[PDB]
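Quick heads-up: it's one chain on its own, the form deposited without the partner chain, in structure tokens.
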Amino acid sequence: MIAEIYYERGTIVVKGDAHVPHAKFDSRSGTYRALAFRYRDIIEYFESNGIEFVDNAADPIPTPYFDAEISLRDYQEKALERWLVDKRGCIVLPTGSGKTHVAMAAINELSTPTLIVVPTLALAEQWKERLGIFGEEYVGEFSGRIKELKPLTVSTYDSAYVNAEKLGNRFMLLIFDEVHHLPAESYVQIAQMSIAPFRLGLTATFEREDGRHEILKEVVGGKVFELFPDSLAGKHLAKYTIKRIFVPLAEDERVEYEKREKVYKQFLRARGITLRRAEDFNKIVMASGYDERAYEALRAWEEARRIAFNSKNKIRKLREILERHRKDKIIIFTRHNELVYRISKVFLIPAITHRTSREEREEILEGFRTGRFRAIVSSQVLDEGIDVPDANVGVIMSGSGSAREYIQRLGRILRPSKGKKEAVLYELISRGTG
């Protein structure tokens, strides 16, 4: 008898295992049962312990791969990345701080059926209008006025609570606008009765006059980021915004990419991080050793990675950005010469690679500073002093992950067009599974 889980009215019913975590025995129905929000852990348990199970619990509203373009100031990129560690926490920021942008970003980053829980219908109509950037045919509202079940669904705390069991297994990401309302002994059940592994709570005031904001940690999460008004006052960045674009691989790049990852997926030799127990730092630690020869499976990781960088949707997309920005000075950093040369010929743009030279730089950046040059493609931060041409558009070609290191680095070298005062950094990332 194999293991099996299924969703039953706000709980995860469990079969074939009397030792699963959080699962307690239903004397009334001879089954082990756990509130739905413990789904993630349960999954993560079967995984890490290489246990075989059938997942008849989750019933995700099918969702496309979003690719809207969301501009994010610097602090909002920090909050976002901070949240990306566990994809399960609360973000605290003053009003006007732009929490909604961080939310949009996660929704875009994650690309899973999502439910937004808001206090009022106005806020929901407002959130629904924002959400349209993803496509209005994917935005729905589930309330007392209408009950739609689309990938991006907006609902009020009151509506979502009354249909918590109905909504319980349809979503993977729960966003709570003004999460401080969630602790209500009722509303809190929206979260508990939900399998949604990813959760985000947005708010200006986390703590409650009743301490009840202590239950969030468990159901939603605790503050993973915070900032008081007196902190934004600094004449901070505001010289640029970030908009990462996710470009999917072409029908075929996508398939090869498969026969290149299921390899290191099982890790081969051990039960590594089955369900994100790393951050790319693990594929270098104990990994990277030489010992046996069953580590050569990892070489496929080293492979899949490039399958990314060298794509066609990223050049096609870059192309698009170039015409978009064809009256501004742009740089195009990238940690791949193999990709550095390609960009150079295709758009016929002067390069500046790891080989070049010493004199083979002085001019380019001068020609880039003299004019007739508002676009170049390098491979190293052009920061070594208090000069180097005013990039009006930054662009980073990455792979399957994000280089936050070059985001900043490359970001301050970008000076804002005197008439707009806000450069634009564009990190192009791919999909696949991340």
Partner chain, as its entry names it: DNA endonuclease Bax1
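Residue numbers count along the first chain shown, from 1. For the two forms, the rigid core is made up of the largest set of C-alpha atoms that agree within 1.5 Å on superposition.
What comes next is about the form deposited with the partner chain bound, which does not appear here.
Asks: Even though the partner isn't displayed, in the deposited bound form is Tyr187 close enough to the partner chain, meaning a heavy atom within 4.5 Å?
Replies: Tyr187 lies outside the contact set for the partner chain.
Asks: Any of the heavy atoms of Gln266 lying within 4.5 Å of the partner chain in the deposited bound form?
Replies: It does not: once the partner chain is placed as it appears in the deposited bound form, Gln266 has no heavy atom within 4.5 Å of it.
Asks: Mark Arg28 yes when one of its heavy atoms lies within 4.5 Å of a heavy atom of the partner chain in the deposited bound form, and no otherwise.
Replies: Outside the cut-off, so no.
Asks: Is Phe373 close enough to the partner chain in the deposited bound form to count, meaning some heavy atom within 4.5 Å?
Replies: Contact check for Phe373: yes, within 4.5 Å of the partner chain in the deposited bound form.
Asks: Heavy atoms within 4.5 Å of the partner chain in the deposited bound form: which stretch in 120 to 128, 160 to 168, 319 to 327, 85 to 93 meets that?
Replies: Checking each option against the 4.5 Å cut-off leaves 319 to 327.
Asks: Which of these residues, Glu359, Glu137, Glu209, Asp252, gets a heavy atom within 4.5 Å of the partner chain in the deposited bound form?
Replies: Of the candidates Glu359, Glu137, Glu209, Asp252, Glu359 is the one lying within 4.5 Å of the partner chain in the deposited bound form.
Asks: Quick check on this chain: which one of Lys78, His236, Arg299, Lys262 has a heavy atom within 4.5 Å of the partner chain in the deposited bound form?
Replies: Of the candidates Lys78, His236, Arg299, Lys262, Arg299 is the one lying within 4.5 Å of the partner chain in the deposited bound form.
Asks: State which of the options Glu261, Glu141, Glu109, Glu178 undergoes a Cα shift of 2 Å or more between the shown form and the other one, taking the core as fixed.
Replies: So the only displaced C-alpha belongs to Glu261.
Asks: Once the core is aligned, please say if the CA of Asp383 is shifted by at least 2 angstroms between the shown form and the other one.
Replies: After core superposition, the displacement of the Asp383 C-alpha between the shown form and the other one reaches the 2 Å mark, so yes.
Asks: Is it true that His22 shifts between the shown form and the other one by 2 Å or more at the Cα, once the core is aligned?
Replies: Moves: no, less than 2 Å.
Asks: Does the distance between the two CA positions of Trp83 reach 2 Å or more between the shown form and the other one, the core being superposed?
Replies: The answer is no; the displacement is under 2 Å.
Asks: Closer or farther apart in the deposited bound form, the C-alpha atoms of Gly399 and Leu72, for a change of 3 Å or more?
Replies: Here the pair is farther apart than in the deposited bound form; there, closer.
Asks: Would you mind telling me if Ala278 and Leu84 are closer or farther apart in the deposited bound form than in the shown form, C-alpha to C-alpha, with a 3 Å or larger change?
Replies: Compared with this form, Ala278 and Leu84 lie farther apart in the deposited bound form.
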